[PDB]
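Dropping a structure here in C-alpha cells format, bear with me for questions.
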2 protein chains.
Amino acid sequence: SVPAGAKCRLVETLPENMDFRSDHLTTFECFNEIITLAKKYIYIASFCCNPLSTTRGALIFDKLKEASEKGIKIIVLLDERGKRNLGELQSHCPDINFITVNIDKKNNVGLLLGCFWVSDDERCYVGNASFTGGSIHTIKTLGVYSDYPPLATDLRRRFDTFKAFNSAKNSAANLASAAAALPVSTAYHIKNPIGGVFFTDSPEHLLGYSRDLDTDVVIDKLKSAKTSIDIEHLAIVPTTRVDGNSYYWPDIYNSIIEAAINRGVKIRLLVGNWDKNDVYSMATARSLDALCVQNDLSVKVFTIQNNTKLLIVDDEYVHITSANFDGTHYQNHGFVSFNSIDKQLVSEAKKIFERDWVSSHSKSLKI
Amino acid sequence: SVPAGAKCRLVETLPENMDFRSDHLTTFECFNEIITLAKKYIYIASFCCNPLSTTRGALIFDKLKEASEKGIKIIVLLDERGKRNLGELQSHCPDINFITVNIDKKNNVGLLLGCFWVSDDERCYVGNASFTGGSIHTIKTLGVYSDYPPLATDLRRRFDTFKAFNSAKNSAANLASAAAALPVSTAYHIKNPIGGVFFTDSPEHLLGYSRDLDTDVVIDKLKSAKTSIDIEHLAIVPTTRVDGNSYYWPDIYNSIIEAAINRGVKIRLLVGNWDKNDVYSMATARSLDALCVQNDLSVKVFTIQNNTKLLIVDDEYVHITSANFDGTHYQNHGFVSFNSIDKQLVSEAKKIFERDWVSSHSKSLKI
Ligand SMILES: Cc1cc(C(=O)NNC(=O)c2ccncc2)ccc1Cl
C-alpha cells in the first residue's frame, strides 16, 4: 500500500529577524538530511547559485563539498545568467560538476527555475528555496521534503529533462534532432497522482506528450474553486516587462476575478509591495481596491524578502512552486511545481498561510 | 456584377441641440423613404416601441399608420418588457400587428434588440435607432440604409427567426420541438460576404449551424488589429449587473488591452459617463487611466443620450450594432449587427468617428 501524502512534510526558511515560528522542518536541516543520507548522488537545480552569502549557506556548501570528496556524484544545474559566481563555486568544490543551462536559446527568454534537490532516488526537496545563502538563512522560503523513492524518482526525471540543455557542445539546447531524442517521461500527473501528490511542469515546449502544464493545472484549480482561494505569491500583476517591452498576460488574474465576482469565492491575496513609479502595479492595485470593497476579497502586502509561492484552494488543494503567477514565468520559464490534495498536508499549508496572513509583516492594503 | 458596399449608406440621428453636422441621411428621412417606397410589407424590430414621445417619431408613426391603412402588412416586434406602451400603440394603429417577443423564457434574461427595418425584400435599415421618438428626434443614433434586395432579404431572414418567439400560443418560445423546426437561415456571413457586407447575429443559442456569432467576429477583428481601434459605445466595463448580481465578462475588455499593450495599437474609446457610486465603473476608469499614460490609448466621455455602437478597425473594418460591448448583451440578448469592409463605407465611418471624437460633447477623461 502507498502512504497518505506520499511521506511529504512541509519545509520552510524563517529568519531570526522575522516573527515566523513553526514546528516544521527548516530548509537548513532539510539540506543537511539530504546530504547526510546521500549514498549515490545529489542533484540540485535552481536559477542562481551563491551559497556563501550567509553562514548556513556556507555550512551547507561545506557539507556538499565533503559529500563530493567522499565519492558522491554532485551535479548542480544553474541558468547561464547566474554564471557570475561560477568561478567562485568551482574554486571551492573542484569535485562538484556545475552545469550552465539555457532551456531557451531560440529567443533567450526561458530561465531555469528548478529549485529542487533529489538524492539516491529516495529523498527529495522541492520549493522556492534556491541553492543560495539567502534562501537558506535570511530569506523566508517554503517547500516540501519527502523520503518517498517513487516521488524522488519522478523528480529526478525532471532533473534529467533539464540537464540536457547544457550550453557546451551539441545537446538539447543546440540541436533539434538531439532535443527530439529526449525521453521526457513522468510517472505521476493530475490524472494519476501518487498518495495525493503530483508534479506539474513548465514550459509548454518542454512537456512532451505526457507531462502536464502547470499553467493549465493552476487555471483549472482556480476556476473550479467553490469556497476559498488563498494565494501568497510575489505579485499578481497581469503585465510583466520582458527586456524593454511590456507583456500582457491576464489568465490567472482573470480566473481569480471570475472566482471572486461570479462565484463569490472568499479570496485572500498576500503579495509583495510594489513600486509607486510602476503604473501597471498601481493600476492593478487600484483595480483590486474597488473589488475588495464590493466582493469578499482581501489583500495584504509584505516588504520582506520572501520567495514563497503558495496556492490553497478550498482547503482541499495545495500548490507550491518556485515561479510567480505571471505571464513571463508560466509562458517561458522552466520549473517544476508540487501539487497535493492530502487533507493533512493541505491543512498544514492552510495553517502556514493563516500564520502569514495575520503576521506583523502583512500590513493591510492601502491606496 | 454586385455593387461595391452593397448600396449601403450611412444614416444617423443628430439632434438640433447638438453640434453634430453631416451630409449623410437622417433616420427620419430613412424611415420616410422606407415607408413611402413600401409595396408589400414593413417589418420593424426593436426593444421598446414608443414613437409618440417626440414630433418626428409621431410623424413616422402616422406615415406607418397610413401605410397599414392602404393594405401594407405591418408587423412590429418588441420585447415583452416594452409592453407598457402596447395598449397605447394598438389604440392608434388597429391595422398594425404588434407582437411581444421573449427570446429567452428559460431564464428570462435574453432581450430582443433587433433595431432594424426591412421592406419588400428590397429596402432595409439596421442600426441603433429603435422605433421610438427619441431615437428619431432627440437621441443621437447611427446605422446604415440599403436598397439592395439580397441584403434586405438576408435581414428579413433574421426578422423571421426573431418573430417565432411570440409569447401567445405554442411557438419557438414555448415548445422545444417547434423551436427546433425553425429554418434559421443566412445568405451571407464572414466567410461569404456580399459587396463587402455581412450580418452577424446574437445570441449563440439562436444561430443554428450557419449564422456567425457577433461575439466571435468582434473578438477576432479586435485581436487581428494592427494599426488602430476606434470604439464609440456606451461603456466597456467588463462587469454588468444582471438582476441583483454582478456578472464578470472581460472578453472584449481583455482583447482590447491585448491590442493596446502587446501590439501597441492606437486605441481611442469614446464612452458614456459613469456613476461615481458604481465601484466597477470607477475601477475600470482608474485601470484605463494608468494605461492611457503608458501606452498609446485615449479615452473621452460623453453625457448626451447617444445609442451609437460603432467599431472601426485599421480603417478597413467597420461594425455597427444596437447592443453594447459587455457581458449581458453578447451572452443573452438577441440582435443583428452590420459589418463591412468596403473602403469607402469604412472611410465615411472613420469620418463620423473623427467628428465625434473632437466634438464638444467629448470631454477628455479625468479622474
Ligand atoms: C493591464 C492591466 C489591466 C488591468 C485590468 O484588467 N483591470 N480591470 C479590473 O480590475 C476590473 C474592472 C471591472 N470589473 C472587473 C475587473 C489591471 C491592471 C493592469 Cl496593469
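For neighbour counting, all protein chains shown are included, and Cβ atoms are generated from backbone atoms with ideal geometry for every residue, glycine included. Values quoted throughout were computed directly from the atomic coordinates according to the rules given, and no laboratory measurement underlies them.
Go ahead and set up a Gaussian network model of chain B, Cα springs under 10 Å, then flag whichever of B:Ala181, B:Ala152, B:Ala349 fluctuates most.
B:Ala181
On full extension of the chain, what length is gained from B:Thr303 through B:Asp216, given 0.36 nm per residue of separation minus the C-alpha to C-alpha distance?
Working: separation 87, 0.36 × 87 = 31.32 nm, distance 2.98 nm.
Stretched fully, the B:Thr303-B:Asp216 segment lengthens by 28.3 nm.
Hey, can you grab everything whose amide H is under 5 Å from the amide H of B:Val299? Only 5+ residues off in sequence or another chain; H modelled, so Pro and N-termini drop out.
B:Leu269, B:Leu365
Sort A:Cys93, B:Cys8 so the one with the fewest other Cβ atoms within 10 Å of its own Cβ comes first. Before the final figure, lay out each step's value.
Numbers: A:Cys93 19, B:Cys8 25.
Going from sparsest to densest Cβ surroundings: A:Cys93, B:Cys8.
Hey, another quick one. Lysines within cross-link reach of B:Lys106: Cα-Cα under 23 Å, excluding same-chain residues under 8 positions apart?
Candidates past the 8-residue exclusion: B:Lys83, B:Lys163, B:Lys169.
Continuing with the same structure: Relative to the first principal axis of the alpha-carbon coordinates of chain A, what is the inclination of helix A:279-292, with its axis defined by its Cα atoms, in degrees from 0 to 90 and to the nearest 10?
Long axis of A:279-292 versus the principal axis of chain A: about 50 degrees.
Okay, which of the range B:169-205 sit inside 18 Å, backbone N to the point 7 Å along the Cα-Cβ direction of B:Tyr41?
B:171-173, B:182-187
Would you order B:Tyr188, A:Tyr125 from fewest to most other beta-carbon atoms within 10 Å of each residue's own beta-carbon?
Details: B:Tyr188 18, A:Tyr125 25.
If I rank by nearby Cβ atoms, fewest first, I get B:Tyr188, A:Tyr125.
Would you kindly work out, in nm and rounded to one decimal, the distances from the label point of B:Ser167 to those of the same position in each other copy, ordered shortest first, with label points 7 Å along Cα-to-Cβ?
Label point to label point, same position, other copies: 7.3 nm.
Using the beta-carbon distance between A:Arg355 and B:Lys169 and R0 = 41 Å, what value does 1/(1 + (r/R0)^6) give for FRET efficiency, to the nearest 0.05?
Numbers: r = 65 Å, r/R0 = 1.59.
Efficiency at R0 = 41 Å is approximately 0.05.
Given a Förster distance of 25 Å, report the FRET efficiency between A:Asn108 and A:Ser53 from their Cβ-Cβ distance, rounded to the nearest 0.05. It would help to have the intermediate numbers written out before the result.
Values: r = 26 Å, r/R0 = 1.06.
Computed FRET efficiency for A:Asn108 and A:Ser53: 0.40.
Where is the GNM fluctuation largest for chain B (alpha-carbon springs, 10 angstrom cutoff): B:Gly127, B:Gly82, B:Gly244?
With Cα springs under 10 Å in chain B, the top fluctuation among B:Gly127, B:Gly82, B:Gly244 is at B:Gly244.
Next question. Label A:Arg84 and A:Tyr209 with points 7 Å out from Cα along Cα→Cβ: what is the distance between them in nm?
Rounded to a tenth, the inter-label distance reads 4.4 nm.
What are the trypsin sites (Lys or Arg not before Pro) within the range B:153-211 that DSSP puts in a loop, where the Cβ has at most 11 other Cβ atoms within 10 Å? Please list the in-between numbers first.
Numbers: sites: B:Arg156, B:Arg157, B:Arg158, B:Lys163, B:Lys169, B:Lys191, B:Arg211; in loops: B:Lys169, B:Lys191, B:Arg211.
For trypsin sites (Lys or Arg not before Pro) across the range B:153-211 that sit outside H, G, I, E and B with at most 11 neighbouring Cβ atoms in 10 Å, the list reads B:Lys169, B:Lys191.
Further, regarding this structure: Per the helix-only calculation at 222 nm, which mean residue ellipticity applies to chain A, given -39500 (n - 2.57) for every DSSP H run of n ≥ 4 and division by its residues, nearest 500 deg cm²/dmol?
The helix-only estimate for chain A comes to -9000 deg cm²/dmol at 222 nm.
Can you compute the charge dipole magnitude of chain A about its Cα centre, using +1 on each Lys and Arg Cβ and -1 on each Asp and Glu Cβ, nothing else charged? Give it in debye, rounded to the nearest 20.
Details: 41 positive and 43 negative charges, 50 e Å.
It works out to roughly 240 debye.
Inside 10 Å of the C-beta atoms of B:282-295, what's the mean count of C-beta atoms belonging to other chains?
Numbers: counts 4, 9, 2, 2, 8, 7, 2, 4, 10, 5, 1, 2, 6, 3.
Whole-number average of other-chain Cβ neighbours for B:282-295 is 5.
A:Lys350: which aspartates and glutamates have alpha carbons under 13 Å from its alpha carbon, excluding same-chain residues fewer than 8 sequence positions away?
Here the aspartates and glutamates satisfying the reach criterion relative to A:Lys350 are A:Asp230, A:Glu232, A:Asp314, A:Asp315, A:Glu316, A:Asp342.
If I take every Cα pair under 8 Å that is 6 or more residues apart in chain B, average their sequence separation and divide by the length, what percent do I get for the relative contact order? Working shown, then result.
Working: 819 pairs, mean separation 69.3, N = 367.
Contact order relative to length: 19 percent.
Can I ask one more? Please give me, ordered by residue number, the trypsin sites (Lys or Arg not before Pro) of the range B:1-31 that lie in loop per DSSP and have at most 15 other Cβ atoms within 10 Å. Don't skip to the end; give the middle numbers.
On the way: sites: B:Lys7, B:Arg9, B:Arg21; in loops: B:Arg21.
Answer in residue order: B:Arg21.
For the pairs A:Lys309/A:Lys363; A:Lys7/A:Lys300; A:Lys39/A:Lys191, flag any whose C-alpha to C-alpha distance is greater than 26 Å. Present the calculation step by step, with values, prior to reporting the outcome.
Working: A:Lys309/A:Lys363 18 Å; A:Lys7/A:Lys300 33 Å; A:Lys39/A:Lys191 33 Å.
Beyond 26 Å between Cα atoms: A:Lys7/A:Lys300; A:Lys39/A:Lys191.
How do B:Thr26, B:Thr138, A:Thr132 line up, fewest other C-beta atoms within 10 Å first? Don't skip to the end; give the middle numbers.
On the way: B:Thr26 17, B:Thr138 20, A:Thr132 25.
Fewest-to-most ranking of B:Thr26, B:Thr138, A:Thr132: B:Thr26, B:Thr138, A:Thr132.
Another one. Can you give me the long-range amide H partners of A:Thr13? Hydrogens built in the peptide plane at 1.01 Å from N, cutoff under 5 Å, separation of 5 or more residues or another chain.
So A:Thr13 has HN proximity to A:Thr27, A:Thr141, A:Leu142.
How large, in Å, is the range B:4-364 by the Kirkwood hydrodynamic radius built from its alpha-carbon pairs?
20.7
Still on this structure, I have one more. Between A:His92 and A:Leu182, what's the calculated FRET efficiency when r is the beta-carbon distance and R0 is 30 Å? Round to 0.05.
Numbers: r = 32 Å, r/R0 = 1.06.
The computed FRET efficiency comes out at 0.40.
Between B:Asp19 and A:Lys70, how many nm apart are label points set 7 Å from Cα along the C-beta direction?
Spacing of the two 7 Å Cα→Cβ label points: 8.5 nm.
Here is a follow-up. Using Cα positions and a limit of under 17 Å, work out the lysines in reach of B:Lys223, with same-chain residues fewer than 8 apart set aside.
Answer for B:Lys223, where 17 Å is the Cα cut-off: B:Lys266, listed by chain and number.
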